[PDB]
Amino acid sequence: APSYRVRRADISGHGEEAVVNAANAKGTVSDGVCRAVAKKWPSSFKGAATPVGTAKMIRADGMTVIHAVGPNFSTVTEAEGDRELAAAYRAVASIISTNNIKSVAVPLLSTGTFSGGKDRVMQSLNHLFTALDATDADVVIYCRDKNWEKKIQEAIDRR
């Protein structure tokens, strides 16, 4: 069974075997988790473009980077975005299990740039749990907000 922890830290400083980038479909560097991943593992972005609701893995810069593209909730209906967000996390879980990845640092997809201005911490976290429950990986969830950290810890504890 997987284990879940939360850290309030820059995800570029993670101590796991792999890191999930909250990516865009075009594989461009812009504000958010992506900028931190690009600074620490710059060559991880080569050929990283992948459609919304999918993930694409690369080994670069001594790191396994998994580019996962959550939906932009400004560009889909709520129900369409919920389906696509579930799909992005399942694509992450499939890459973790098929590549024997033992531990992974994960940000909450679609909770920042792609949130459509809504609080989606619980929506994103519930899809993260449902998908990564299919793996045996140690999962470390990364956030920057003290209230998010507590919410996430509370949700981990309830389990």
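Residue indices: 1-based, along the sequence shown.
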Stretch exceeding the other in mean C-alpha B-factor - 26 to 34, 39 to 47: 26 to 34
Average Cα temperature factor in the PDB entry - higher stretch of 91 to 99, 119 to 127: 119 to 127
Ranked C-alpha temperature factor of residue 60 among modelled chain residues, by third: lowest
Assigned third (lowest, middle, highest) for the C-alpha B factor of residue 134: highest
Among modelled residues of the same chain, the CA temperature factor third for residue 20: lowest
